[PDB]
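What follows is one structure encoded as structure tokens, with my remarks underneath.
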Amino acid sequence: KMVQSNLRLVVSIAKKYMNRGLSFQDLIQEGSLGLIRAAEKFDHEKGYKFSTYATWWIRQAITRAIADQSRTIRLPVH
DNA sequence: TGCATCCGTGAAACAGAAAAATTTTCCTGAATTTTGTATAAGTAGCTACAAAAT
């Protein structure tokens, strides 16, 4: 009831990579993945909203997808 | 219900990490020649020799 509760914003992020590559939907997922992870690695004790932390993990997730594939010959993401 | 529309055809992050890989080293081991080396005769040579054709 939180990961989904967010939903939007992650699409505002993923959509930035919908044109970068992969696929709007493809992205969305990826984020989602992240979303999760964040969604729980996350600590309301530091107060400031997940908007300044959830979006972190997202981004991460994503990048690791158009770089992890979307190329049909995987190269050292590094 | 013939008669609408109406499917869809043929033409970009990073630093930090670690862990992998890999890969150079080794070594080694062995396996594998060569050579030594015997080896063992037999030998095919070879060297005089002899009588009898230049």
Can you tell which of A:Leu33, A:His44, A:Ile13 lies farthest toward the positive end of the dipole of segment A:1-56, using +1 and -1 charges on the Cβ of basic and acidic side chains (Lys, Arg; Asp, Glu)?
A:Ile13
Could you pull out every one of the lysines with an alpha carbon less than 22 Å from that of A:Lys41, ignoring same-chain neighbours closer than 8 positions?
A:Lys1, A:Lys49
Using the Cα centre as the reference, give the magnitude of the dipole from point charges on the C-beta atoms of chain A (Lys, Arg: +1; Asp, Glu: -1; all else neutral), rounded to the nearest 20 debye.
180 debye
Descending Cα extents along the principal axes, chain A, whole Å
43, 24, 17
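Using packing as a proxy for protection, rank A:70-78, A:44-52, A:24-32 so that the peptide with the highest average count of other Cβ atoms within 10 Å comes first. Numbers along the way, then the final one.
Details: A:70-78: 7.9, A:44-52: 9.4, A:24-32: 19.4.
Top of the packing list down: A:24-32, A:44-52, A:70-78.
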May I ask for the angle, rounded to the nearest 10°, between helix A:24-40 and the longest principal axis of chain A, with both axes built from Cα atoms and the value confined to 0 to 90°?
40 degrees
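Values quoted throughout were computed directly from the atomic coordinates according to the rules given, and no laboratory measurement underlies them. In this analysis, Cβ positions are derived from the backbone assuming ideal geometry, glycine residues included, and neighbour counts consider all displayed protein chains.
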